[PDB]
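So you can see what is in the structure, the chains are spelled out below.
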Amino acid sequence: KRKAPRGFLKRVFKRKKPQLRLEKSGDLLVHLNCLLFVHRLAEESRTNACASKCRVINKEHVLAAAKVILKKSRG
Amino acid sequence: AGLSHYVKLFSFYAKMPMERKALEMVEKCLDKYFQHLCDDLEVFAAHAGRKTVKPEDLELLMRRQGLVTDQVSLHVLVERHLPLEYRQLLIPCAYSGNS
Amino acid sequence: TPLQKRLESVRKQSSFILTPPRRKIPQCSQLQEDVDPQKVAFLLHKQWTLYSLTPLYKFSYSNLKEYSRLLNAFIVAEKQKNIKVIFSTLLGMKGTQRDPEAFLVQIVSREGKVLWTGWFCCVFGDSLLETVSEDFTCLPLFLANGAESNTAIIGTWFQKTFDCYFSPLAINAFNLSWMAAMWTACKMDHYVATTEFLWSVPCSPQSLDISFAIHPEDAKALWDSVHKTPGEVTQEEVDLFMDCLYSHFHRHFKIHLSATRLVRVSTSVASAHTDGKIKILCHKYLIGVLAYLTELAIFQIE
Amino acid sequence: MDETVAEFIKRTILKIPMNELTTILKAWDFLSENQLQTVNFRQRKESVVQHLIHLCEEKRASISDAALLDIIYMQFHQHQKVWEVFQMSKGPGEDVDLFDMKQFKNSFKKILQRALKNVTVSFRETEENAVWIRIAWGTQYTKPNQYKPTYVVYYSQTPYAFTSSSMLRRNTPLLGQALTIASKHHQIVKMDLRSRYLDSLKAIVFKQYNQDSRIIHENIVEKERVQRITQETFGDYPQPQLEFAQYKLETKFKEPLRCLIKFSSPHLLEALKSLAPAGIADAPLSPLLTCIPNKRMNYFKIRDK
DNA sequence: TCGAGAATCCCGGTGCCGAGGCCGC
DNA sequence: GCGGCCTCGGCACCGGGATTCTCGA
């Protein structure tokens, strides 16, 4: 996949928090943040899959991935 | 939509088949990711004293996420993942008219 | 001379003029020159799946690194459709000085987990050298052992770059009985394994297999019963050894083993199958076992 | 829901194929009727092997019933893990008036944990009246190993007690010993019948298997004869031995000439039956080869006589 | 003479590629 | 009920257990 939605990230940044002034390409920075967050998710979930030696990512690996990376990606 | 964009990009980022039931939970992970981010941009932009969220307002946040370092600055991180027509907006090129 | 010699060879072979190859008992082949003891010893007790390899056009034993890269970049690309390829000249797997030096093709995966370990050898194969031009470095034998998938990929690469073609060498039960006889005729000591002959009867509904495994010293004493002329084993001597097996099996179980076909003849020298997964090389007679195997590969090529 | 138990259940649940998932999961009783609907058995292998084991995480699965799962898996896959046949022998006297399945379970577990103190013996009294013992071994120095268990199919009051020939360790003389002391016998003997098809070993050791006008065939008087002699040695519906029916010959060639014959067929006694009519074999087909079920033996050790 | 150590015969317990099944056009 | 998809499983090659048989208590 070679895309990054201009409209969706702006709509999310406005829906979730109504009071900001995200800059001209600040939503592009938000997309980069989510791209790298999902990078960390993919790689550490691959690590989680190798932890239980499961050849398919499942729910029990993603929930363990979340509490590590999502907490780590908190500012 | 965009969450569906990221779960599809997860497929080409995990390099490995997963389950749809995994994807709606990673959807809640992205929702909480924004539920931490947009108020982390909130508090970081308030820390700078500026109403708007300038690019350096997020460079500090990504320093917090450990992805910006003295070795890996903000702009280099744009090289590795964003497409050219998108990083043309972010990292200043030069025409004697640097963006 | 450059082709017409091969045409006359084809004429001689197709003529089938009194074939019975009275063969010299495989002589103890003291390991010639280098023959890397670690490499050769690693190459002995590995179940080589034989193939017949036509001569390689425009091959050189100097450009091993270039072929190594060209094939490594092709194998991992067949995964796109972690792996290292080490072409390694063996320097001693040759019968006469004029034979092409045998060279390896190893799919080395991190550590030295050799996945595939190909092997092209041309020993005592001077029935092909004197008929092919200089540009071709002919190695009739190809030895797989890696998965059939990787063999059917390196074979395609070799076809693409060298115009060499891999027919899977199938040792017929006649040649199998021959080698089963000259390997119990050898002068070895401390027999590693029993002399087993895996027969396979031709029943249409069922597929019963027989493992006529003889004590290796007991088969040597049975061979001496039918061995009269020394130095060379004849077709009649081989047939009498095989018929003494037949008359010790039909004697016992009243089923004519001669009505069945050999599928595998395990011997202390070298195991040998039919369907291709043939040559285990237990002892260091491999320059003689490989001599027979290359002579058989000429039969398929020529 | 434990070490070497939850993942053991996982390793025995990916073993069982997708078709008979209901069949084996219904019989081992941890998943009641209500629990079957929760997991969609038809979706995926890793999905079911993850949701089912969770359904035991809530059910706090223990090795006592995890081993029963393996038993029920093998009851439909007994055609693997080639089986030895043990034959008990009481001396002179009355039979075992007390084979109480409770008492036999006690008299087997007690004797086995007397020496092999760490073993997980799990019985399953089948409906064909044949206790299906499964033994996970391990010495006092180690935990009971469920990786390579030794299932023992002891027919309840029968002198014959099949055994999964897993490794043939020092427990095999204790496997026979505990078997012959739990059931009130005195001598345990390996019958040396070793076949992969327990449903055929059951037949053998119990003797339960037999109970154109233009084409002028000149050797018709011989084809009729060979068909006759292959019908008085192989009567009807032979059972598939499918086993390496060894004949460790020690005979002189006509001092001895050692041989280790191994007939190997997916269906042996039928392959021999179609030998003589196919011209491979003589009509009287060497009772060594016909009397495999008649002697209840295939791992022969013949000599000269 | 006998008791522990190593090697190796006998057969697993594992690895891994064709066969059968199965879901869009 | 087929198209590119996928999953069991026979065959087979490589890894420890007990029998040989050599050496120490």
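As deposited, the entry is annotated with cryo-EM as its determination method and 3.71 Å as its resolution.

Draft legend 1. Region of the structure containing unusual backbone geometry. Residue and element names in this part refer to chain C. One non-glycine residue, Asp163, lies in positive phi territory at about 55 degrees. Along the polypeptide, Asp163 turns up in the loop between α5 (148–162) and β7 (166–167). For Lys254, which is not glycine, the phi dihedral falls at a positive 55 degrees. Checked against the element boundaries, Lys254 lands in the loop between α8 (235–253) and β11 (261–266). For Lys254, a relative accessible area of 30% puts it in the partly exposed group.

Draft legend 2. Region of interest: the nonpolar core. If you look at the biggest cluster of nonpolar residues, it comprises 91 residues, and the most contacted ones within it are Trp119, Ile210, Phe212 and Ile255 of chain C together with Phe263 and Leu272 of chain D. With nine residues, helix α9 (residues 286–301) of chain C is the single largest residue contributor to this core. Not counting chain neighbours up to four residues away, the residues in contact with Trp119 of chain C comprise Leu43, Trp48, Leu90, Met93, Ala102, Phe103, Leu104, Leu141, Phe142, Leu143, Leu286 and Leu290 of chain C. Core analysis: the second largest hydrophobic core is formed by 54 residues, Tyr13, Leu37, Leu41 and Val68 of chain B among them.

Draft legend 3. Quick peek at the interface of chain B and chain A. Contacts between chain B and chain A engage 48 residues on the former and 47 residues on the latter. Those elements giving two or more residues to the side of chain B that touches chain A turn out to be α1 (2–14), α2 (20–47), β1 (52–53), α3 (55–64), α4 (74–81) and α5 (84–90) of chain B. Looking at the side of chain B that touches chain A, the element that brings in the most residues is α2 of chain B, giving 16 residues. Tallied by class, the residues present in the side of chain B that touches chain A amount to 34 nonpolar, seven polar and seven charged. Relative to β1 of chain B, strand β1 (residues 21–22) of chain A runs parallel, the two sharing two bridges. Bridge assignment links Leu22 of chain A to a residue of β1 of chain B, and that residue is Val53 of chain B.

Draft legend 4. Representation of the protein's contact with DNA strand F within the structure. Taken together, the residues surrounding DNA strand F are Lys46 and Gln47 of chain C together with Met18, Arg44, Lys45, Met167, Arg169 and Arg170 of chain D. Backbone sugar and phosphate groups make up 100% of those atoms of DNA strand F lying within 4 Å of the protein. Between DNA strand F and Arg44 of chain D, the relevant distance is 3.1 Å, taken from a phosphate oxygen to a side-chain nitrogen or oxygen of the residue. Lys45 of chain D is positioned such that a nitrogen or oxygen atom in its side chain is 2.4 Å from a phosphate oxygen of DNA strand F.

Criteria and thresholds
- Residues numbered from 1 in each chain as written, not as in the entry; some residues may be left out.
- Chains lettered and ligands numbered in written order.
- Part of a larger assembly, values for the part shown.
- Heavy atoms only, no water.
- Residues with missing side-chain atoms left out of burial classes, pairs and counts.
- Helix = DSSP H or I, 4+ residues; strand = E, 2+ residues; numbered from the N terminus.
- Buried < 20%, exposed > 50% of the residue type's maximum accessible area, 1.4 Å probe, protein only.
- Core = buried A, V, L, I, M, F, W, Y, C linked by side-chain atoms within 4.5 Å.
- Contact = heavy atoms within 4.5 Å.
- Nonpolar A, V, L, I, M, F, W, Y, C, P; charged D, E, K, R; others polar.
- Pairing = 2+ DSSP bridges.
- Near = heavy atom within 4 Å.
- Polar contact = N/O pair within 3.5 Å; in protein donor to acceptor, adjacent residues only side chain to side chain.

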